[PDB]
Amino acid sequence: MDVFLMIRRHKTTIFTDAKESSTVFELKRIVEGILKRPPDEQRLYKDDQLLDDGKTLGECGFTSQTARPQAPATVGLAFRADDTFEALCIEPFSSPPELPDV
């Protein structure tokens, strides 16, 4: 089963899909090919919870029911740089104007 995701750090957002049965680590290998940072230097999150590398996306809560193309689930991403790991920070999207007539 394909799982549709929004991988998110700071003001960065990647739209990708993955097999439900693939691992958090495999996902990291994919962030690596995109953002040029080895797994090594990455932490993946669901909501606030830190995800374990050998756990499958299904096991982490990304299933066909919750990760849909038109409503992808979000995976939080944090980087290290020196030796530490930054805190998880995802800048929200801009707010829509208040409604005209409804």
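The first residue of the shown sequence is 1; numbering continues from there. Basically, rigid core = biggest C-alpha set you can superpose within 1.5 Å across the two forms.
- Farther from the shown form on average, by C-alpha root mean square after a core fit in 6 other deposited structures of this protein, is 76-84, of the stretches 5-13 and 76-84.
- Mean C-alpha B-factor is higher over 78-86 than over the other stretch, the pair under comparison being 78-86 and 14-22.
- Higher mean CA B-factor, judged across 43-51 and 68-76 from the recorded values: 43-51.
- In the deposited entry, the Cα temperature factor of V3 places it in the lowest third of its chain's modelled residues.
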